[PDB]
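Chemist: Below you'll find coords_15.txt; it's compact mmCIF, N, CA and C atoms and all ligand atoms.
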```txt
# COMPACT_ATOMS: atom_id res chain seq x y z
N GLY V 1 -120.47 102.85 22.28
CA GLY V 1 -119.83 102.74 20.95
C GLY V 1 -119.79 103.82 19.90
N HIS V 2 -120.18 105.08 19.92
CA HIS V 2 -120.03 106.01 18.83
C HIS V 2 -118.67 106.69 18.82
N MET V 3 -117.86 106.52 19.87
CA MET V 3 -116.57 107.26 19.80
C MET V 3 -115.50 106.38 19.17
N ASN V 4 -114.92 106.88 18.09
CA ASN V 4 -113.86 106.21 17.36
C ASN V 4 -112.72 107.22 17.27
N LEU V 5 -111.52 106.89 17.74
CA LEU V 5 -110.36 107.80 17.72
C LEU V 5 -110.05 108.38 16.35
N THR V 6 -110.14 107.58 15.28
CA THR V 6 -109.89 108.10 13.94
C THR V 6 -110.90 109.16 13.55
N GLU V 7 -112.19 108.94 13.83
CA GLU V 7 -113.23 109.92 13.57
C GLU V 7 -113.07 111.17 14.42
N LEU V 8 -112.58 111.01 15.66
CA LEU V 8 -112.44 112.19 16.52
C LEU V 8 -111.38 113.11 15.98
N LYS V 9 -110.31 112.50 15.44
CA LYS V 9 -109.20 113.27 14.88
C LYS V 9 -109.67 114.07 13.67
N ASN V 10 -110.68 113.62 12.96
CA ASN V 10 -111.18 114.33 11.78
C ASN V 10 -112.33 115.26 12.15
N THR V 11 -112.69 115.40 13.42
CA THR V 11 -113.76 116.31 13.87
C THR V 11 -113.21 117.70 14.14
N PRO V 12 -113.84 118.77 13.64
CA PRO V 12 -113.42 120.13 13.93
C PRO V 12 -113.31 120.32 15.43
N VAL V 13 -112.32 121.11 15.84
CA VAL V 13 -111.98 121.32 17.23
C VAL V 13 -113.08 122.01 18.01
N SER V 14 -113.83 122.89 17.31
CA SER V 14 -114.95 123.53 17.97
C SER V 14 -116.00 122.51 18.40
N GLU V 15 -116.27 121.47 17.61
CA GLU V 15 -117.20 120.41 18.11
C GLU V 15 -116.67 119.54 19.23
N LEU V 16 -115.34 119.37 19.26
CA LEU V 16 -114.68 118.59 20.31
C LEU V 16 -114.71 119.32 21.64
N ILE V 17 -114.47 120.64 21.53
CA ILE V 17 -114.55 121.45 22.76
C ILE V 17 -115.97 121.44 23.29
N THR V 18 -116.97 121.55 22.43
CA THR V 18 -118.35 121.49 22.93
C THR V 18 -118.65 120.17 23.62
N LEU V 19 -118.26 119.06 23.02
CA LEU V 19 -118.53 117.75 23.64
C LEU V 19 -117.87 117.65 25.00
N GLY V 20 -116.59 118.01 25.03
CA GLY V 20 -115.76 117.95 26.21
C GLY V 20 -116.31 118.84 27.31
N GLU V 21 -116.63 120.09 26.97
CA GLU V 21 -117.19 120.98 28.01
C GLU V 21 -118.53 120.45 28.50
N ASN V 22 -119.34 119.88 27.59
CA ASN V 22 -120.59 119.25 28.04
C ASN V 22 -120.37 118.10 28.98
N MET V 23 -119.30 117.32 28.82
CA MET V 23 -118.96 116.23 29.73
C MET V 23 -118.38 116.73 31.04
N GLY V 24 -118.20 118.03 31.21
CA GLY V 24 -117.78 118.61 32.48
C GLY V 24 -116.28 118.84 32.47
N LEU V 25 -115.70 118.72 31.28
CA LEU V 25 -114.27 118.84 31.09
C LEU V 25 -113.98 120.34 31.00
N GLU V 26 -113.10 120.77 31.88
CA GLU V 26 -112.88 122.21 32.02
C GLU V 26 -111.71 122.74 31.21
N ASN V 27 -112.01 123.84 30.54
CA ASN V 27 -111.12 124.51 29.62
C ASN V 27 -110.16 123.58 28.89
N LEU V 28 -110.71 123.10 27.79
CA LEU V 28 -110.03 122.40 26.72
C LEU V 28 -109.48 123.45 25.77
N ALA V 29 -109.98 124.68 25.89
CA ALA V 29 -109.62 125.79 25.02
C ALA V 29 -108.16 126.16 24.99
N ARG V 30 -107.34 125.87 26.00
CA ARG V 30 -105.90 126.03 25.92
C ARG V 30 -105.18 124.81 25.34
N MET V 31 -105.86 123.69 25.10
CA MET V 31 -105.14 122.49 24.67
C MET V 31 -105.02 122.34 23.18
N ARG V 32 -104.00 121.60 22.75
CA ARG V 32 -103.89 121.05 21.42
C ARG V 32 -105.04 120.04 21.19
N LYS V 33 -105.49 119.99 19.96
CA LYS V 33 -106.54 119.14 19.47
C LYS V 33 -106.36 117.67 19.88
N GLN V 34 -105.16 117.14 19.66
CA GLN V 34 -104.89 115.73 20.11
C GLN V 34 -105.14 115.50 21.58
N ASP V 35 -104.78 116.47 22.43
CA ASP V 35 -104.95 116.35 23.88
C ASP V 35 -106.40 116.47 24.28
N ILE V 36 -107.18 117.35 23.62
CA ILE V 36 -108.63 117.36 23.93
C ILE V 36 -109.22 115.97 23.69
N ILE V 37 -108.92 115.37 22.54
CA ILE V 37 -109.38 114.04 22.17
C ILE V 37 -109.05 113.00 23.24
N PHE V 38 -107.80 112.95 23.68
CA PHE V 38 -107.39 111.98 24.72
C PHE V 38 -108.16 112.13 26.00
N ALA V 39 -108.27 113.38 26.44
CA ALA V 39 -109.02 113.78 27.61
C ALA V 39 -110.44 113.25 27.55
N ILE V 40 -111.12 113.45 26.39
CA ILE V 40 -112.47 112.95 26.24
C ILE V 40 -112.51 111.43 26.33
N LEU V 41 -111.63 110.75 25.59
CA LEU V 41 -111.71 109.29 25.61
C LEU V 41 -111.47 108.71 26.99
N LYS V 42 -110.46 109.29 27.67
CA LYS V 42 -110.14 108.77 29.00
C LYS V 42 -111.31 108.87 29.96
N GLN V 43 -111.97 110.02 29.90
CA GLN V 43 -113.10 110.26 30.81
C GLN V 43 -114.24 109.34 30.42
N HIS V 44 -114.53 109.27 29.11
CA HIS V 44 -115.62 108.42 28.61
C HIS V 44 -115.38 106.95 28.92
N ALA V 45 -114.15 106.46 28.87
CA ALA V 45 -113.80 105.07 29.16
C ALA V 45 -114.10 104.63 30.58
N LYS V 46 -114.13 105.51 31.55
CA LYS V 46 -114.49 105.25 32.94
C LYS V 46 -115.91 104.79 33.20
N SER V 47 -116.81 105.02 32.26
CA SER V 47 -118.16 104.50 32.33
C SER V 47 -118.27 103.04 31.90
N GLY V 48 -117.19 102.41 31.39
CA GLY V 48 -117.33 101.04 30.93
C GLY V 48 -117.69 100.92 29.45
N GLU V 49 -117.92 102.01 28.76
CA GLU V 49 -118.31 102.01 27.37
C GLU V 49 -117.21 101.57 26.43
N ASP V 50 -117.63 100.99 25.32
CA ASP V 50 -116.66 100.63 24.29
C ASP V 50 -116.20 101.85 23.48
N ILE V 51 -114.90 101.87 23.18
CA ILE V 51 -114.40 102.93 22.30
C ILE V 51 -113.57 102.24 21.23
N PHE V 52 -113.58 102.72 20.02
CA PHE V 52 -112.93 102.07 18.89
C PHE V 52 -111.82 102.86 18.25
N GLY V 53 -111.05 102.15 17.42
CA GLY V 53 -109.88 102.75 16.79
C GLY V 53 -109.60 101.87 15.55
N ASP V 54 -108.73 102.40 14.70
CA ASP V 54 -108.42 101.66 13.46
C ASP V 54 -107.12 102.20 12.90
N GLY V 55 -106.46 101.44 12.05
CA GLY V 55 -105.15 101.88 11.52
C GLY V 55 -104.58 100.72 10.68
N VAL V 56 -103.38 100.88 10.17
CA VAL V 56 -102.69 99.94 9.32
C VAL V 56 -101.56 99.34 10.16
N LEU V 57 -101.58 98.03 10.27
CA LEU V 57 -100.58 97.37 11.12
C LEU V 57 -99.18 97.37 10.53
N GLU V 58 -98.23 97.69 11.43
CA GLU V 58 -96.84 97.42 11.22
C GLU V 58 -96.24 96.71 12.44
N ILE V 59 -95.56 95.62 12.17
CA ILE V 59 -94.98 94.76 13.20
C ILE V 59 -93.52 95.15 13.32
N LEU V 60 -93.10 95.38 14.56
CA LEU V 60 -91.74 95.83 14.82
C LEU V 60 -90.86 94.64 15.19
N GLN V 61 -89.53 94.88 15.31
CA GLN V 61 -88.62 93.76 15.55
C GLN V 61 -88.88 93.01 16.85
N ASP V 62 -89.36 93.67 17.89
CA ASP V 62 -89.64 92.97 19.15
C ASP V 62 -90.91 92.12 19.11
N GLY V 63 -91.66 92.10 18.02
CA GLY V 63 -92.85 91.28 17.96
C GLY V 63 -94.14 92.02 18.33
N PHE V 64 -94.06 93.22 18.85
CA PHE V 64 -95.34 93.94 19.08
C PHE V 64 -95.64 94.76 17.82
N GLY V 65 -96.81 95.41 17.74
CA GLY V 65 -97.00 96.30 16.60
C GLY V 65 -97.70 97.60 16.95
N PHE V 66 -97.76 98.49 15.99
CA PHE V 66 -98.61 99.64 16.08
C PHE V 66 -99.59 99.68 14.89
N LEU V 67 -100.76 100.22 15.22
CA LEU V 67 -101.70 100.58 14.14
C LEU V 67 -101.42 102.03 13.72
N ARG V 68 -100.89 102.24 12.53
CA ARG V 68 -100.51 103.59 12.09
C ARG V 68 -101.67 104.29 11.40
N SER V 69 -101.70 105.61 11.38
CA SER V 69 -102.68 106.36 10.59
C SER V 69 -102.32 106.14 9.11
N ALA V 70 -103.27 105.72 8.28
CA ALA V 70 -102.96 105.50 6.87
C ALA V 70 -103.51 106.63 6.00
N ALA V 71 -98.66 110.31 12.65
CA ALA V 71 -98.01 110.89 13.84
C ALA V 71 -98.16 109.92 15.00
N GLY V 72 -97.04 109.59 15.61
CA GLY V 72 -96.93 108.65 16.68
C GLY V 72 -97.82 108.58 17.87
N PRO V 73 -98.04 109.70 18.59
CA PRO V 73 -98.70 109.65 19.88
C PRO V 73 -100.06 108.98 19.91
N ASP V 74 -100.75 108.90 18.76
CA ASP V 74 -102.04 108.23 18.71
C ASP V 74 -101.97 106.92 17.91
N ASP V 75 -100.78 106.41 17.62
CA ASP V 75 -100.66 105.06 17.11
C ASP V 75 -101.19 104.10 18.20
N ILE V 76 -101.82 103.00 17.79
CA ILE V 76 -102.41 102.06 18.76
C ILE V 76 -101.48 100.88 18.94
N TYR V 77 -101.09 100.60 20.17
CA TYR V 77 -100.24 99.45 20.49
C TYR V 77 -100.98 98.10 20.34
N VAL V 78 -100.31 97.11 19.78
CA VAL V 78 -100.81 95.77 19.47
C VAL V 78 -99.80 94.78 20.08
N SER V 79 -100.27 93.91 20.99
CA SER V 79 -99.28 93.05 21.67
C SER V 79 -98.79 91.93 20.77
N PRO V 80 -97.66 91.29 21.06
CA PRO V 80 -97.25 90.06 20.42
C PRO V 80 -98.26 88.96 20.48
N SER V 81 -99.02 88.77 21.58
CA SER V 81 -99.91 87.60 21.62
C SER V 81 -101.09 87.80 20.74
N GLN V 82 -101.58 89.08 20.64
CA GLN V 82 -102.67 89.34 19.71
C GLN V 82 -102.17 89.09 18.28
N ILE V 83 -101.00 89.58 17.92
CA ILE V 83 -100.56 89.38 16.51
C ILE V 83 -100.52 87.89 16.19
N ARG V 84 -99.94 87.10 17.16
CA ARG V 84 -99.80 85.68 16.84
C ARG V 84 -101.08 84.88 16.96
N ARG V 85 -101.96 85.17 17.92
CA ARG V 85 -103.21 84.44 18.03
C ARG V 85 -104.23 84.69 16.94
N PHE V 86 -104.24 85.92 16.40
CA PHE V 86 -105.23 86.26 15.40
C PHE V 86 -104.66 86.35 13.99
N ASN V 87 -103.41 85.94 13.87
CA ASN V 87 -102.74 85.90 12.58
C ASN V 87 -102.80 87.26 11.85
N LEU V 88 -102.36 88.30 12.54
CA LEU V 88 -102.32 89.66 11.95
C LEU V 88 -100.98 89.90 11.29
N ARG V 89 -100.95 90.66 10.19
CA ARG V 89 -99.77 90.73 9.36
C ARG V 89 -99.51 92.20 9.01
N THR V 90 -98.26 92.51 8.74
CA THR V 90 -97.94 93.88 8.26
C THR V 90 -98.77 94.34 7.08
N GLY V 91 -99.42 95.49 7.31
CA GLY V 91 -100.20 96.13 6.28
C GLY V 91 -101.66 95.79 6.37
N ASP V 92 -102.09 94.96 7.33
CA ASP V 92 -103.49 94.68 7.48
C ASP V 92 -104.15 95.99 7.95
N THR V 93 -105.39 96.17 7.50
CA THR V 93 -106.24 97.22 8.01
C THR V 93 -107.08 96.62 9.15
N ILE V 94 -106.87 97.16 10.34
CA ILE V 94 -107.46 96.61 11.54
C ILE V 94 -108.44 97.58 12.20
N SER V 95 -109.58 97.09 12.67
CA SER V 95 -110.43 97.91 13.54
C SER V 95 -110.65 97.16 14.86
N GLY V 96 -110.84 97.84 15.98
CA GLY V 96 -111.16 97.05 17.18
C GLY V 96 -111.45 98.04 18.31
N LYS V 97 -111.83 97.46 19.40
CA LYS V 97 -112.09 98.10 20.66
C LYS V 97 -110.71 98.42 21.25
N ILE V 98 -110.55 99.66 21.67
CA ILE V 98 -109.28 100.10 22.23
C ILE V 98 -109.51 100.50 23.69
N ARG V 99 -108.44 100.68 24.42
CA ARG V 99 -108.47 101.20 25.77
C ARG V 99 -107.34 102.24 25.95
N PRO V 100 -107.63 103.24 26.77
CA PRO V 100 -106.65 104.23 27.17
C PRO V 100 -105.48 103.57 27.90
N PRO V 101 -104.33 104.23 27.89
CA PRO V 101 -103.15 103.68 28.57
C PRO V 101 -103.41 103.58 30.07
N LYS V 102 -103.03 102.51 30.76
CA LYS V 102 -103.13 102.70 32.23
C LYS V 102 -101.79 103.31 32.67
N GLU V 103 -101.57 103.30 33.98
CA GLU V 103 -100.32 103.81 34.52
C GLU V 103 -99.11 102.99 34.12
N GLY V 104 -98.11 103.72 33.62
CA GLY V 104 -96.89 103.03 33.19
C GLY V 104 -96.89 102.98 31.66
N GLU V 105 -98.07 103.06 31.06
CA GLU V 105 -98.18 102.92 29.61
C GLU V 105 -98.26 104.32 28.98
N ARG V 106 -97.93 104.37 27.72
CA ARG V 106 -97.85 105.67 27.03
C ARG V 106 -98.82 105.69 25.87
N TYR V 107 -99.37 104.53 25.43
CA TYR V 107 -100.14 104.49 24.21
C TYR V 107 -101.50 103.82 24.46
N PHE V 108 -102.50 104.29 23.72
CA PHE V 108 -103.77 103.56 23.67
C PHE V 108 -103.42 102.13 23.24
N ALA V 109 -104.19 101.11 23.59
CA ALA V 109 -103.88 99.73 23.29
C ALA V 109 -105.14 99.02 22.77
N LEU V 110 -104.91 98.18 21.76
CA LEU V 110 -105.95 97.36 21.17
C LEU V 110 -106.43 96.35 22.23
N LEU V 111 -107.73 96.29 22.36
CA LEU V 111 -108.36 95.38 23.33
C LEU V 111 -108.90 94.14 22.65
N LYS V 112 -109.69 94.39 21.62
CA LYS V 112 -110.33 93.29 20.88
C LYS V 112 -110.21 93.67 19.41
N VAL V 113 -109.79 92.69 18.63
CA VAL V 113 -109.78 92.95 17.20
C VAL V 113 -111.20 92.68 16.69
N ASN V 114 -111.40 93.41 15.61
CA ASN V 114 -112.48 93.13 14.72
C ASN V 114 -113.80 93.40 15.42
N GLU V 115 -113.77 94.70 15.57
CA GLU V 115 -115.12 95.07 15.99
C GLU V 115 -115.51 96.19 15.05
CU CU V 201 -120.54 104.88 22.00
```
Please render this file's structure as structure tokens.
Ligand SMILES: [Cu+2]
Modeler:
Amino acid sequence: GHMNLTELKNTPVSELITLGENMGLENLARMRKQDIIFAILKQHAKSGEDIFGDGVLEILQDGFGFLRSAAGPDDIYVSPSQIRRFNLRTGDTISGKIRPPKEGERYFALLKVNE
């Protein structure tokens, strides 16, 4: 539980490269900051550990939502069933356990609200 995507984005890149290289992640030094972060989370998620995220909900016309930073690629996807089961509304500030995209998916996704 100490890795939170919002906190990682606010961490200086030199500390991110150190963490990543310590995890055995090879040459993060050519990557953009956002990509180093993703790389770390994906690798860390393979151990079964919880990882967290947070943002401001916006519900789109199809019924799913994103948690926005209060830039797209790190917006967190929120399914229709989660919005309706937990009564989440546009503009709520949400925190929860997230998961990396699996194959076919493009965005990190909310796993559990309210953690
Ligand atoms: Cu942790």
Chemist: Find the residues near residue 102 in chain V: any atom within 12 Å, counting only C-alpha atoms, skip ones fewer than 6 places away on the same chain, and give them as an MDAnalysis selection string.
Modeler: chainID V and resid 42 45:46 108:109
Chemist: List the spatial neighbours of residue 23 in chain V as a PyMOL selection string - criterion: any atom at most 10 Å away, only C-alpha atoms, same-chain residues fewer than 4 positions off excluded.
Modeler: chain V and resi 17-19+40+43-44
Chemist: For each of V:110, V:98, V:57, V:3, take the minimum atom-to-atom distance to ligand CU 201 (chain V), counting only N, CA and C atoms and all ligand atoms, then give the residue where this is smallest.
Modeler: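 For ligand CU 201 (chain V), the nearest of the candidates is V:3.
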Chemist: Within 8 Å of ligand CU 201 (chain V), which residues of chain V come that close, and what is the closest atom pair and distance in Å for each? Count only N, CA and C atoms and all ligand atoms and give it as CSV.
Modeler:
```
residue,atom,partner,partner_atom,distance
V:1,N,V:CU201,CU,2.1
V:2,N,V:CU201,CU,2.1
V:3,N,V:CU201,CU,3.8
V:4,N,V:CU201,CU,7.1
V:49,C,V:CU201,CU,6.5
V:50,C,V:CU201,CU,5.5
V:51,CA,V:CU201,CU,6.4
V:52,N,V:CU201,CU,7.6
```
Chemist: Residue 77 in chain V: which residues within 8 Å, counting all atoms listed in the file, same-chain residues fewer than 5 positions away excluded, as a PyMOL selection string?
Modeler: chain V and resi 64-68+106-111
Chemist: Could those selected residues go to a file with N, CA and C atoms, as a tab-separated table (two decimals), in the coordinates of the input?
Modeler:
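See again_34.tsv below for the written result:
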```
chain	number	residue	atom	x	y	z
V	64	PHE	N	-94.06	93.22	18.85
V	64	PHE	CA	-95.34	93.94	19.08
V	64	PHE	C	-95.64	94.76	17.82
V	65	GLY	N	-96.81	95.41	17.74
V	65	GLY	CA	-97.00	96.30	16.60
V	65	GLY	C	-97.70	97.60	16.95
V	66	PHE	N	-97.76	98.49	15.99
V	66	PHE	CA	-98.61	99.64	16.08
V	66	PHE	C	-99.59	99.68	14.89
V	67	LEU	N	-100.76	100.22	15.22
V	67	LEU	CA	-101.70	100.58	14.14
V	67	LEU	C	-101.42	102.03	13.72
V	68	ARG	N	-100.89	102.24	12.53
V	68	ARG	CA	-100.51	103.59	12.09
V	68	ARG	C	-101.67	104.29	11.40
V	106	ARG	N	-97.93	104.37	27.72
V	106	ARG	CA	-97.85	105.67	27.03
V	106	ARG	C	-98.82	105.69	25.87
V	107	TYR	N	-99.37	104.53	25.43
V	107	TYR	CA	-100.14	104.49	24.21
V	107	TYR	C	-101.50	103.82	24.46
V	108	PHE	N	-102.50	104.29	23.72
V	108	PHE	CA	-103.77	103.56	23.67
V	108	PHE	C	-103.42	102.13	23.24
V	109	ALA	N	-104.19	101.11	23.59
V	109	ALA	CA	-103.88	99.73	23.29
V	109	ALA	C	-105.14	99.02	22.77
V	110	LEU	N	-104.91	98.18	21.76
V	110	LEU	CA	-105.95	97.36	21.17
V	110	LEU	C	-106.43	96.35	22.23
V	111	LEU	N	-107.73	96.29	22.36
V	111	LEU	CA	-108.36	95.38	23.33
V	111	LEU	C	-108.90	94.14	22.65
```
Chemist: Find, counting only C-alpha atoms, the residue in V:20, V:103, V:95, V:113 that gets nearest to residue 53 in chain V.
Modeler: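 Closest residue, counting only C-alpha atoms: V:95.
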Chemist: Would you give me, as a list in words, the residues in range 44-77 of chain V that DSSP reads as strand (DSSP E)?
Modeler: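 Of range 44-77 of chain V, only residues 51, 52, 53, 54, 55, 56, 57, 58, 59, 65, 66, 67, 68, 76 and 77 of chain V fall in strand (DSSP E).
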Chemist: For atom N of residue 79 in chain V and atom N of residue 5 in chain V, determine how far apart the two atoms are, in Å to one decimal place.
Modeler: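 These atoms are spaced 17.5 Å apart.
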Chemist: Which distance in Å separates atom N of residue 55 in chain V and atom C of residue 88 in chain V, to one decimal?
Modeler: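 For atom N of residue 55 in chain V relative to atom C of residue 88 in chain V, the distance reads 12.8 Å.
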